[PDB]
file structure_39.pdb (PDB, C-alpha atoms and all ligand atoms)
ATOM      1  CA  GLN S   1       0.000   0.000   0.000
ATOM      2  CA  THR S   2       0.918   3.616  -0.735
ATOM      3  CA  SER S   3      -0.083   6.084   1.977
ATOM      4  CA  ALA S   4      -0.851   9.761   1.575
ATOM      5  CA  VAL S   5       2.479  10.579   3.242
ATOM      6  CA  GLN S   6       4.337   8.273   0.838
ATOM      7  CA  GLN S   7       2.615   9.916  -2.137
ATOM      8  CA  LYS S   8       3.670  13.353  -0.891
ATOM      9  CA  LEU S   9       7.246  12.113  -0.496
ATOM     10  CA  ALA S  10       7.092  10.719  -4.056
ATOM     11  CA  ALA S  11       5.908  14.100  -5.320
ATOM     12  CA  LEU S  12       8.737  15.865  -3.496
ATOM     13  CA  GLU S  13      11.201  13.391  -4.924
ATOM     14  CA  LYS S  14       9.879  13.852  -8.454
ATOM     15  CA  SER S  15      10.330  17.636  -8.273
ATOM     16  CA  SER S  16      13.816  17.281  -6.698
ATOM     17  CA  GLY S  17      15.425  15.383  -9.571
ATOM     18  CA  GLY S  18      17.130  12.958  -7.205
ATOM     19  CA  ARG S  19      16.480   9.880  -5.105
ATOM     20  CA  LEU S  20      14.994  10.254  -1.620
ATOM     21  CA  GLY S  21      14.961   7.712   1.206
ATOM     22  CA  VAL S  22      12.987   8.216   4.430
ATOM     23  CA  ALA S  23      12.384   6.167   7.552
ATOM     24  CA  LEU S  24      10.352   7.306  10.553
ATOM     25  CA  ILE S  25       9.844   5.418  13.779
ATOM     26  CA  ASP S  26       7.197   6.968  16.026
ATOM     27  CA  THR S  27       7.927   5.653  19.508
ATOM     28  CA  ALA S  28       4.363   6.632  20.604
ATOM     29  CA  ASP S  29       3.184   3.397  18.926
ATOM     30  CA  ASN S  30       6.356   1.914  17.293
ATOM     31  CA  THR S  31       4.816   2.522  13.876
ATOM     32  CA  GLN S  32       6.977   3.259  10.891
ATOM     33  CA  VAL S  33       6.734   5.292   7.717
ATOM     34  CA  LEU S  34       9.161   4.384   4.927
ATOM     35  CA  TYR S  35       9.947   5.742   1.503
ATOM     36  CA  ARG S  36      12.550   3.697  -0.376
ATOM     37  CA  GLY S  37      13.191   2.304   3.082
ATOM     38  CA  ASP S  38      15.084  -0.773   1.902
ATOM     39  CA  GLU S  39      17.158   0.927  -0.808
ATOM     40  CA  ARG S  40      20.828   1.659  -0.138
ATOM     41  CA  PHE S  41      22.179   5.171   0.138
ATOM     42  CA  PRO S  42      25.688   6.500   0.788
ATOM     43  CA  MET S  43      25.874   7.458   4.462
ATOM     44  CA  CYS S  44      28.612  10.080   4.229
ATOM     45  CA  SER S  45      29.138  11.750   7.636
ATOM     46  CA  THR S  46      26.007  10.184   9.157
ATOM     47  CA  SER S  47      28.312   7.156   9.699
ATOM     48  CA  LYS S  48      30.068   9.193  12.422
ATOM     49  CA  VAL S  49      27.196   8.268  14.764
ATOM     50  CA  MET S  50      28.020   4.555  14.500
ATOM     51  CA  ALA S  51      31.750   5.155  15.047
ATOM     52  CA  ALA S  52      31.197   7.398  18.087
ATOM     53  CA  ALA S  53      28.705   4.883  19.496
ATOM     54  CA  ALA S  54      31.209   2.033  19.015
ATOM     55  CA  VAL S  55      33.831   3.931  21.024
ATOM     56  CA  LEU S  56      31.216   4.642  23.712
ATOM     57  CA  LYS S  57      30.540   0.909  23.850
ATOM     58  CA  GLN S  58      34.278   0.247  24.320
ATOM     59  CA  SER S  59      34.309   2.840  27.117
ATOM     60  CA  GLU S  60      31.807   0.750  29.129
ATOM     61  CA  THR S  61      34.637  -1.608  30.048
ATOM     62  CA  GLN S  62      37.338   1.098  30.179
ATOM     63  CA  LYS S  63      36.377   3.990  32.438
ATOM     64  CA  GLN S  64      39.299   6.112  31.269
ATOM     65  CA  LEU S  65      39.096   5.429  27.534
ATOM     66  CA  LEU S  66      37.381   8.701  26.665
ATOM     67  CA  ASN S  67      40.257  10.546  28.365
ATOM     68  CA  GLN S  68      42.895   8.662  26.330
ATOM     69  CA  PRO S  69      45.028  11.044  24.286
ATOM     70  CA  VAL S  70      45.427  10.500  20.552
ATOM     71  CA  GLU S  71      48.294  12.150  18.674
ATOM     72  CA  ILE S  72      47.277  14.454  15.839
ATOM     73  CA  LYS S  73      50.002  14.855  13.215
ATOM     74  CA  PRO S  74      50.149  17.131  10.165
ATOM     75  CA  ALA S  75      49.752  14.073   7.923
ATOM     76  CA  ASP S  76      46.483  13.184   9.660
ATOM     77  CA  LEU S  77      44.718  16.221   8.344
ATOM     78  CA  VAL S  78      42.318  15.515   5.478
ATOM     79  CA  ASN S  79      39.846  17.778   3.694
ATOM     80  CA  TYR S  80      37.707  19.133   6.545
ATOM     81  CA  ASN S  81      39.027  19.214  10.083
ATOM     82  CA  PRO S  82      38.166  22.492  11.801
ATOM     83  CA  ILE S  83      38.806  21.098  15.282
ATOM     84  CA  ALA S  84      41.703  18.700  14.657
ATOM     85  CA  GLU S  85      43.844  21.278  12.858
ATOM     86  CA  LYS S  86      43.972  23.292  16.117
ATOM     87  CA  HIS S  87      45.658  20.311  17.817
ATOM     88  CA  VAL S  88      48.213  19.251  15.213
ATOM     89  CA  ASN S  89      51.485  18.231  16.869
ATOM     90  CA  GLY S  90      49.479  17.706  20.041
ATOM     91  CA  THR S  91      46.741  15.386  21.284
ATOM     92  CA  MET S  92      42.979  15.103  21.513
ATOM     93  CA  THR S  93      41.114  12.698  23.774
ATOM     94  CA  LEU S  94      38.642  10.183  22.374
ATOM     95  CA  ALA S  95      35.843  12.274  23.971
ATOM     96  CA  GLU S  96      37.150  15.361  22.166
ATOM     97  CA  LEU S  97      37.391  13.415  18.893
ATOM     98  CA  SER S  98      33.846  12.081  19.324
ATOM     99  CA  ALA S  99      32.478  15.569  20.023
ATOM    100  CA  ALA S 100      34.365  17.064  17.072
ATOM    101  CA  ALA S 101      33.236  14.328  14.704
ATOM    102  CA  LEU S 102      29.599  14.562  15.734
ATOM    103  CA  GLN S 103      29.081  18.275  16.375
ATOM    104  CA  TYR S 104      31.385  19.791  13.720
ATOM    105  CA  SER S 105      31.656  16.829  11.296
ATOM    106  CA  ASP S 106      35.454  16.832  11.641
ATOM    107  CA  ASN S 107      36.835  14.217   9.269
ATOM    108  CA  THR S 108      40.228  13.808  10.966
ATOM    109  CA  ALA S 109      38.336  13.135  14.188
ATOM    110  CA  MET S 110      36.282  10.432  12.447
ATOM    111  CA  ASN S 111      39.462   8.784  11.143
ATOM    112  CA  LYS S 112      40.820   8.575  14.689
ATOM    113  CA  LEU S 113      37.568   6.926  15.836
ATOM    114  CA  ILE S 114      37.839   4.437  12.984
ATOM    115  CA  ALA S 115      41.467   3.704  13.890
ATOM    116  CA  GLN S 116      40.521   3.128  17.536
ATOM    117  CA  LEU S 117      38.048   0.535  16.289
ATOM    118  CA  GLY S 118      40.601  -1.240  14.081
ATOM    119  CA  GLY S 119      39.542   0.159  10.722
ATOM    120  CA  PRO S 120      36.229   0.600   8.897
ATOM    121  CA  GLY S 121      35.294  -3.051   9.487
ATOM    122  CA  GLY S 122      35.464  -2.435  13.224
ATOM    123  CA  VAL S 123      32.595   0.016  12.847
ATOM    124  CA  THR S 124      30.670  -2.584  10.827
ATOM    125  CA  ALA S 125      31.398  -5.171  13.526
ATOM    126  CA  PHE S 126      29.809  -2.939  16.150
ATOM    127  CA  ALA S 127      26.751  -2.459  13.929
ATOM    128  CA  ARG S 128      26.382  -6.226  13.649
ATOM    129  CA  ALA S 129      26.768  -6.593  17.421
ATOM    130  CA  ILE S 130      23.729  -4.346  18.000
ATOM    131  CA  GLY S 131      21.586  -6.137  15.419
ATOM    132  CA  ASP S 132      22.193  -3.989  12.328
ATOM    133  CA  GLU S 133      22.823  -6.428   9.439
ATOM    134  CA  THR S 134      22.700  -3.694   6.767
ATOM    135  CA  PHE S 135      25.201  -0.992   7.674
ATOM    136  CA  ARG S 136      28.646  -1.239   6.128
ATOM    137  CA  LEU S 137      31.663   1.009   6.507
ATOM    138  CA  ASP S 138      34.374   0.175   3.961
ATOM    139  CA  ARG S 139      36.618   3.256   3.793
ATOM    140  CA  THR S 140      37.947   6.156   5.837
ATOM    141  CA  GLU S 141      37.437   9.867   5.334
ATOM    142  CA  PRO S 142      37.330  11.384   2.824
ATOM    143  CA  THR S 143      36.871   8.593   0.285
ATOM    144  CA  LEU S 144      33.771   7.229   2.075
ATOM    145  CA  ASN S 145      31.964  10.239   0.481
ATOM    146  CA  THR S 146      32.382   9.256  -3.178
ATOM    147  CA  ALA S 147      28.675   8.319  -3.151
ATOM    148  CA  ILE S 148      28.800   6.636  -6.560
ATOM    149  CA  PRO S 149      25.364   5.376  -7.701
ATOM    150  CA  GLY S 150      25.148   1.590  -7.391
ATOM    151  CA  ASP S 151      28.233   1.288  -5.169
ATOM    152  CA  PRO S 152      27.468  -0.593  -1.917
ATOM    153  CA  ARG S 153      30.521   0.745  -0.091
ATOM    154  CA  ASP S 154      29.758   2.947   2.916
ATOM    155  CA  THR S 155      25.983   2.538   2.587
ATOM    156  CA  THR S 156      22.954   1.600   4.607
ATOM    157  CA  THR S 157      19.170   1.682   4.190
ATOM    158  CA  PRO S 158      16.812   4.205   5.813
ATOM    159  CA  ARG S 159      14.997   1.392   7.676
ATOM    160  CA  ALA S 160      18.189  -0.035   9.133
ATOM    161  CA  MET S 161      19.606   3.315  10.221
ATOM    162  CA  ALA S 162      16.374   4.441  11.881
ATOM    163  CA  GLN S 163      16.194   1.188  13.858
ATOM    164  CA  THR S 164      19.805   1.480  14.914
ATOM    165  CA  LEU S 165      19.508   5.138  15.838
ATOM    166  CA  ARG S 166      16.521   4.266  18.012
ATOM    167  CA  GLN S 167      18.442   1.488  19.779
ATOM    168  CA  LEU S 168      21.449   3.751  20.375
ATOM    169  CA  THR S 169      19.647   6.871  21.589
ATOM    170  CA  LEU S 170      16.405   5.629  23.172
ATOM    171  CA  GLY S 171      17.017   1.876  23.688
ATOM    172  CA  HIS S 172      19.626  -0.226  25.344
ATOM    173  CA  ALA S 173      22.363  -0.769  22.772
ATOM    174  CA  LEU S 174      24.575   1.356  25.011
ATOM    175  CA  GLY S 175      24.811   1.659  28.778
ATOM    176  CA  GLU S 176      22.728   4.434  30.320
ATOM    177  CA  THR S 177      25.619   6.859  30.839
ATOM    178  CA  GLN S 178      26.821   6.278  27.282
ATOM    179  CA  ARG S 179      23.364   6.683  25.765
ATOM    180  CA  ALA S 180      22.998   9.998  27.605
ATOM    181  CA  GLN S 181      26.398  11.123  26.316
ATOM    182  CA  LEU S 182      25.471  10.256  22.728
ATOM    183  CA  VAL S 183      22.193  12.179  23.044
ATOM    184  CA  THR S 184      24.014  15.174  24.572
ATOM    185  CA  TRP S 185      26.438  15.188  21.656
ATOM    186  CA  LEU S 186      23.705  14.945  19.013
ATOM    187  CA  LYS S 187      21.622  17.692  20.635
ATOM    188  CA  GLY S 188      24.666  19.983  20.471
ATOM    189  CA  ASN S 189      25.221  19.484  16.756
ATOM    190  CA  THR S 190      26.145  22.701  14.978
ATOM    191  CA  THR S 191      25.406  21.635  11.395
ATOM    192  CA  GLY S 192      21.720  20.687  11.400
ATOM    193  CA  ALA S 193      19.459  23.744  11.315
ATOM    194  CA  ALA S 194      18.881  23.655   7.532
ATOM    195  CA  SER S 195      18.078  19.930   7.301
ATOM    196  CA  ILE S 196      15.446  17.849   9.161
ATOM    197  CA  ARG S 197      15.088  20.460  11.865
ATOM    198  CA  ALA S 198      14.126  23.138   9.346
ATOM    199  CA  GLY S 199      10.976  21.151   8.580
ATOM    200  CA  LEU S 200       9.877  20.771  12.207
ATOM    201  CA  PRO S 201       7.913  23.168  14.405
ATOM    202  CA  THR S 202      10.205  25.443  16.412
ATOM    203  CA  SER S 203       8.856  24.153  19.700
ATOM    204  CA  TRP S 204      10.188  20.688  18.962
ATOM    205  CA  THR S 205      13.674  19.757  20.044
ATOM    206  CA  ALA S 206      16.064  17.369  18.343
ATOM    207  CA  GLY S 207      19.533  16.005  18.006
ATOM    208  CA  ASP S 208      20.907  15.126  14.594
ATOM    209  CA  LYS S 209      23.889  14.232  12.456
ATOM    210  CA  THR S 210      24.127  15.532   8.872
ATOM    211  CA  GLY S 211      26.114  14.207   5.974
ATOM    212  CA  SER S 212      27.187  15.463   2.585
ATOM    213  CA  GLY S 213      29.182  13.955  -0.249
ATOM    214  CA  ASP S 214      29.595  13.730  -3.988
ATOM    215  CA  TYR S 215      26.573  13.221  -6.253
ATOM    216  CA  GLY S 216      24.944  16.034  -4.309
ATOM    217  CA  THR S 217      24.415  13.599  -1.470
ATOM    218  CA  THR S 218      22.614  15.350   1.365
ATOM    219  CA  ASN S 219      21.678  13.359   4.481
ATOM    220  CA  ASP S 220      20.428  13.761   8.043
ATOM    221  CA  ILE S 221      19.529  11.388  10.859
ATOM    222  CA  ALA S 222      17.701  12.689  13.918
ATOM    223  CA  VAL S 223      16.121  11.877  17.233
ATOM    224  CA  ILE S 224      13.234  14.245  17.827
ATOM    225  CA  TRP S 225      11.212  15.227  20.908
ATOM    226  CA  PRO S 226       8.012  16.792  19.551
ATOM    227  CA  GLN S 227       5.859  19.087  21.642
ATOM    228  CA  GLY S 228       3.590  16.905  23.756
ATOM    229  CA  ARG S 229       4.532  13.442  22.623
ATOM    230  CA  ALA S 230       6.908  10.529  22.567
ATOM    231  CA  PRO S 231      10.141  10.804  20.618
ATOM    232  CA  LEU S 232      10.556  10.145  16.917
ATOM    233  CA  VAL S 233      13.530   8.797  15.012
ATOM    234  CA  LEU S 234      13.806  10.121  11.454
ATOM    235  CA  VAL S 235      16.326   9.382   8.703
ATOM    236  CA  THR S 236      16.326  11.358   5.440
ATOM    237  CA  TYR S 237      18.822  10.424   2.695
ATOM    238  CA  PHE S 238      19.080  12.142  -0.686
ATOM    239  CA  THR S 239      21.402  11.614  -3.646
ATOM    240  CA  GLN S 240      21.512  12.934  -7.217
ATOM    241  CA  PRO S 241      22.574  11.686 -10.638
ATOM    242  CA  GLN S 242      25.525  14.003 -11.374
ATOM    243  CA  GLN S 243      28.798  13.794  -9.465
ATOM    244  CA  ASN S 244      29.042  17.572  -9.003
ATOM    245  CA  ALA S 245      25.422  18.170  -7.985
ATOM    246  CA  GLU S 246      24.808  20.845  -5.346
ATOM    247  CA  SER S 247      23.608  20.109  -1.805
ATOM    248  CA  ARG S 248      19.834  20.066  -1.250
ATOM    249  CA  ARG S 249      19.220  20.409   2.474
ATOM    250  CA  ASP S 250      15.867  21.989   1.593
ATOM    251  CA  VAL S 251      14.703  18.600   0.290
ATOM    252  CA  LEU S 252      15.424  17.047   3.697
ATOM    253  CA  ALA S 253      13.558  19.880   5.395
ATOM    254  CA  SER S 254      10.607  19.269   3.046
ATOM    255  CA  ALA S 255      10.583  15.553   3.794
ATOM    256  CA  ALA S 256      10.638  16.234   7.529
ATOM    257  CA  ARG S 257       7.751  18.700   7.165
ATOM    258  CA  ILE S 258       5.667  16.097   5.324
ATOM    259  CA  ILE S 259       6.396  13.584   8.079
ATOM    260  CA  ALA S 260       5.542  16.073  10.829
ATOM    261  CA  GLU S 261       2.285  17.019   9.110
ATOM    262  CA  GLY S 262       1.347  13.342   8.706
ATOM    263  CA  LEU S 263       1.500  12.739  12.464
TER     264      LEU S 263
HETATM  265  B1  LIG O   1      30.950  13.795   5.856
HETATM  266  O1  LIG O   1      31.788  12.687   5.322
HETATM  267  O2  LIG O   1      29.702  13.938   5.079
HETATM  268  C1  LIG O   1      31.803  15.107   5.468
HETATM  269  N1  LIG O   1      31.903  15.192   4.002
HETATM  270  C2  LIG O   1      32.952  15.554   3.281
HETATM  271  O3  LIG O   1      34.108  15.538   3.699
HETATM  272  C3  LIG O   1      32.627  16.016   1.860
HETATM  273  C4  LIG O   1      33.364  15.286   0.771
HETATM  274  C5  LIG O   1      34.536  14.675   0.694
HETATM  275  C6  LIG O   1      34.869  14.112  -0.441
HETATM  276  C7  LIG O   1      34.021  14.182  -1.475
HETATM  277  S1  LIG O   1      32.685  15.078  -0.817
HETATM  278  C8  LIG O   1      31.328  16.466   5.992
HETATM  279  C9  LIG O   1      30.026  16.692   6.422
HETATM  280  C10 LIG O   1      29.610  17.954   6.859
HETATM  281  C11 LIG O   1      28.170  18.152   7.358
HETATM  282  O4  LIG O   1      27.544  17.167   7.751
HETATM  283  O5  LIG O   1      27.654  19.276   7.383
HETATM  284  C12 LIG O   1      30.501  19.017   6.865
HETATM  285  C13 LIG O   1      31.801  18.793   6.437
HETATM  286  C14 LIG O   1      32.219  17.539   6.013
END
call {"tool": "encode", "arguments": {"input": "structure_39.pdb", "output": "structure tokens", "more": "lines below"}}
Ligand SMILES: *[B]([O])([O])[C]([N]C(=O)[C]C1=[C][C]=[C]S1)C1=[C]C(C([O])=O)=[C][C]=[C]1
result
Amino acid sequence: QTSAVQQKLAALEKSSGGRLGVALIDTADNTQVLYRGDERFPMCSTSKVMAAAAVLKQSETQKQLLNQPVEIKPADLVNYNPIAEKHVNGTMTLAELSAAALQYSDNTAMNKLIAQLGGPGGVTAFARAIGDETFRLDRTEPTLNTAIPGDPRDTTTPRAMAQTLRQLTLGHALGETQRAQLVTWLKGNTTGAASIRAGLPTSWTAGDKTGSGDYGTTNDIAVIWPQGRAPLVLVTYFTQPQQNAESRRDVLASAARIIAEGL
């Protein structure tokens, strides 16, 4: 069946020129709304949530891990690293790297998280350990953003990512202290006001992680506390046919608005 909300999302997608993927979980009733929910999309920086969460999981059995210093060298800098470049020839802790990755989308910080986990496959391993059979991280920053149509590397589906985000932020995939820390980090994101949150009423609060990459790939994943009801988890992925396409955060905002209006 095709719902009114799915038809609206199809209409948005048609006018956008690209390919849109949406997954909502409403924790008021556990119901879901999906649009291309089982199609793969390049994650780009939304994968930084899984890496940060994997390090939080490791910290459950090492109380001092988040205070562990990591050397930042000139050669570690990649294409976008507004926090890490301030610490070259010094150190950042794994907490500082997690915060920088999540709240500023620092790509050097992400690479240090991936290294702590033993490479991209360590992030995938953590996904599998919390019941996500779909997620795959194959590369580091910045090549995980190539976003080539048809390429499975560094992809997931909207359905899988919404489920996982729910388990991480509202469920019990992490210990309570770690879940709270993840939520605190997401709520302090600096990059999200033009994406999902732009389509929500102002009164609502949210935490989110954006992503962007080649093929005009424009993504956001969010945990949302609407006015007067139980939290939502919402994933919005968008990708375009030309490698040099421009970002379309407005499409994510529009998808979020359709979802909000359909509640
Ligand atoms: B993250 O990987 O999406 C990250 N993207 C990039 O580094 C962009 C590209 C690299 C190579 C080809 S494209 C990133 C995300 C954000 C954000 O979420 O706002 C900001 C900066 C970098």
call {"tool": "resolve_selection", "arguments": {"input": "structure_39.pdb", "expression": "the PyMOL selection byres (((chain S and resi 167) around 12) and not hetatm)", "output": "number ranges by chain"}}
result
S: 25, 27, 50, 53, 127, 129-132, 160-166, 168-176, 179, 182-183, 223, 233
call {"tool": "atom_distance", "arguments": {"input": "structure_39.pdb", "atom1": "atom CA of residue 231 of chain S", "atom2": "atom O1 of ligand LIG 1 (chain O)"}}
result
26.6 Å
call {"tool": "resolve_selection", "arguments": {"input": "structure_39.pdb", "expression": "the PyMOL selection byres (((not hetatm)) within 10 of (chain O and resi 1))", "output": "ChimeraX atom specification"}}
result
/S:42-48,78-82,101-108,110,140-147,189-192,194-195,208-220,243-244,249
call {"tool": "residues_around", "arguments": {"input": "structure_39.pdb", "residues": "residue 155 of chain S", "least_positions_apart": "3", "cutoff": "7 Å", "atoms": "all atoms listed in the file", "output": "PDB file with C-alpha atoms, in the coordinates of the input"}}
result
ATOM      1  CA  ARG S  40      20.828   1.659  -0.138  1.00  0.00           C
ATOM      2  CA  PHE S  41      22.179   5.171   0.138  1.00  0.00           C
ATOM      3  CA  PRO S  42      25.688   6.500   0.788  1.00  0.00           C
ATOM      4  CA  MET S  43      25.874   7.458   4.462  1.00  0.00           C
ATOM      5  CA  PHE S 135      25.201  -0.992   7.674  1.00  0.00           C
ATOM      6  CA  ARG S 136      28.646  -1.239   6.128  1.00  0.00           C
ATOM      7  CA  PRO S 152      27.468  -0.593  -1.917  1.00  0.00           C
TER       8      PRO S 152
END
call {"tool": "resolve_selection", "arguments": {"input": "structure_39.pdb", "expression": "the PyMOL selection byres (((chain S and resi 201) around 9) and not hetatm)", "output": "list in words"}}
result
residues 197, 198, 199, 200, 202, 203, 204, 205, 226, 227, 257 and 260 of chain S
call {"tool": "atom_distance", "arguments": {"input": "structure_39.pdb", "atom1": "atom CA of residue 77 of chain S", "atom2": "atom CA of residue 124 of chain S"}}
result
23.6 Å
call {"tool": "closest_residue", "arguments": {"input": "structure_39.pdb", "among": "S:11, S:134, S:33, S:188", "to": "residue 236 of chain S", "atoms": "only C-alpha atoms"}}
result
S:33
call {"tool": "axis_aligned_box", "arguments": {"input": "structure_39.pdb", "around": "segment 8-18 of chain S", "padding_each_side": "5 Å", "output": "lines of an AutoDock Vina configuration file"}}
result
center_x = 10.4
center_y = 14.2
center_z = -5.0
size_x = 23.5
size_y = 16.9
size_z = 19.1
call {"tool": "closest_residue", "arguments": {"input": "structure_39.pdb", "among": "S:98, S:30, S:89, S:242", "to": "residue 67 of chain S", "atoms": "only C-alpha atoms"}}
result
S:98
call {"tool": "residues_around", "arguments": {"input": "structure_39.pdb", "residues": "residue 36 of chain S", "least_positions_apart": "6", "cutoff": "8 Å", "atoms": "only C-alpha atoms", "output": "PyMOL selection string"}}
result
chain S and resi 20-22+158
call {"tool": "atom_distance", "arguments": {"input": "structure_39.pdb", "atom1": "atom CA of residue 247 of chain S", "atom2": "atom CA of residue 151 of chain S"}}
result
19.7 Å
call {"tool": "closest_residue", "arguments": {"input": "structure_39.pdb", "among": "S:97, S:3, S:177, S:154", "to": "residue 59 of chain S", "atoms": "all atoms listed in the file"}}
result
S:177
call {"tool": "closest_residue", "arguments": {"input": "structure_39.pdb", "among": "S:235, S:225, S:253, S:181", "to": "residue 34 of chain S", "atoms": "all atoms listed in the file"}}
result
S:235
